[PDB]
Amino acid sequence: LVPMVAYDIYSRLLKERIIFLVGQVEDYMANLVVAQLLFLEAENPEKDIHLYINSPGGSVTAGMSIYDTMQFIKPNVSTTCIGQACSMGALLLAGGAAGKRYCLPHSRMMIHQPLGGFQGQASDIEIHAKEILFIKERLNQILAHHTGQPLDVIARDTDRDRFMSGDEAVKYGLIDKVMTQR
């Protein structure tokens, strides 16, 4: 299991204002991040917070609780992508404090458009089709804001999977800097 230092390794790094977001985004792991963001704010609302991201994405609602909590709290939340940051992972990465969004040299980042599904009555399909296009609209606006791109460019570039290297992501505005050595 998770090794100990009585702290587990992650509790020990939480004192350093470090939070890890690992794996598929889902309601329960997302709320752990929220709780850590809220806890760290209370410990010190001025000191920066560092959110490490290695995720392929997941639930839009689950990510939005993370994204909105990052913006809502007083401390700046830096984001660093290690390994990969795809879909909601990439949106959370772009959502970090301005100038404090990083990745490492071989990180992979991918952005695409929302995925969903529904079945039932045509009237109900209409409701959910409109809800997913609105979610698509709103998520593109968040990207445009943090990257500086026009919404129409984000919508076009995310139509299909678009993978990005560290350098490409900086050119895009998805991150600020590729870190190499401390």
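A residue's number is simply how far along the shown sequence it sits, counting from 1.
The entry models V5 and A6 with a gap of 4 to 9 deposited residues left without coordinates. For the two regions 39 to 47 and 133 to 141, the entry's Cα B-factors average higher over 39 to 47.
For the segment pair 8 to 16 and 165 to 173, the entry gives 8 to 16 the higher mean B-factor, averaged over Cα atoms. In the deposited entry, the Cα temperature factor of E126 sits in the middle third of values across the chain's modelled residues.
Per the deposited record, the Cα B-factor of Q71 falls in the highest third when ranked against the other modelled residues of its chain. Among the modelled residues of its chain, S87 has a C-alpha B-factor that falls in the highest third according to the deposited record. Ranked by Cα temperature factor within the chain, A62 sits in the lowest third according to the deposited record. In this PDB entry, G117 carries a Cα temperature factor that places it within the highest third of its chain's modelled residues.
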